[PDB]
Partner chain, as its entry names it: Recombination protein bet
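To begin, one chain is listed below as structure tokens, in the form solved without the partner chain.
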């Protein structure tokens, strides 16, 4: 990929874009993102039937393609994550001693069907995921249990981000500015090939199924971007 090829497809220039703004949102329309991918790998306890949460994501992205919008979602907890992200980053850099470079959005391949938005790329070649949990209760869960107690959704997110960027390891850092002390804690998550194999199998399928579904109703992927 290049910031050039993205222009052809979407008319948008990516070099002058901020995590959050208008153009950022449009870039993600219809695209399987690391933040939502837990839904794509969700399995039924029996059968081969896609569970509701996976169907709902399926129809969510299809709507994104056919309407060219996404619904605006504000929640207290998300706004908090956004408010404290910058401070988490700086604290993280000071403590780990690495430099972080902010990354717009990264697609896996020419198809542009798969992407992550890293919280940064580090000077040592690892990617970075920051959490600023809205509840101090969740911060504590991670501060004590470490790797053990990363939410599966967060794992799929990190793993997918390696899957997309081809990277080998990823920082996962949790920050709480209400902690008197010990308000930063991070681990390194190694690329895991069970996940990689899972995405190789499951993601191409999910994309095929979305193609078949849009054809039935006379749309084509990419319409969100005209």
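Shifts are known only where both forms have a C-alpha. Positions refer to the first chain, counted from 1. Whichever C-alpha set is largest while still superposing within 1.5 Å between the two forms counts as the rigid core.
Per the PDB record, of the two stretches 41 to 49 and 170 to 178, 41 to 49 carries the greater mean B-factor over its C-alpha atoms. Mean CA B-factor, 62 to 70 versus 193 to 201: the higher value falls on 193 to 201. Residues shown: 135, 114, 123, 103. Highest C-alpha temperature factor in the entry: 103. When the modelled residues of the chain are ordered by C-alpha B-factor, residue 98 sits in the highest third. Ranked against the other modelled residues of its chain, the C-alpha B-factor of residue 142 as given in the entry falls in the middle third.
Among the modelled residues of its chain, residue 92 has a C-alpha B-factor that falls in the middle third according to the deposited record. For residue 128, the recorded CA B-factor ranks within the lowest third of the chain. Only modelled residues enter the ranking. For residue 109, the recorded CA temperature factor ranks within the middle third of the chain's modelled residues.
Absent from the display: the form deposited with the partner chain bound. The rest refers to it.
Screening 112, 91, 105, 121 for any heavy atom within 4.5 Å of the partner chain in the deposited bound form leaves a single hit, 91.
Comment: 180 to 188 is the region of 156 to 164, 34 to 42, 180 to 188, 195 to 203 lying near the partner chain in the deposited bound form, near meaning a non-hydrogen atom within 4.5 Å. Contact annotation for residue 101: none of its heavy atoms lies within 4.5 Å of the partner chain in the deposited bound form.
Interface residue remark: residue 95 is counted as part of the site for the partner chain in the deposited bound form, having a heavy atom within 4.5 Å. Heavy atoms of residue 83 reach within 4.5 Å of the partner chain in the deposited bound form, making it an interface residue.
Counting a residue when any of its non-hydrogen atoms is within 4.5 Å of the partner chain in the deposited bound form, there are no hits in 42 to 63. A movement of the C-alpha atom of residue 94 falling short of 2 angstroms is seen between the shown form and the other one when the two forms are aligned on their rigid core.
Relative to the shown form, the CA atoms of residue 108 and residue 147 are pushed 3 Å or more farther apart in the deposited bound form. Figure legend: C-alpha atoms of residue 74 and residue 154, shown here, are separated by at least 3 angstroms less in the deposited bound form.
Every Cα shifting by 2 Å or more, across three or more consecutive residues, marks a moved region; comparing between the shown form and the other one on the rigid core, these regions are 72 to 75, 146 to 148.
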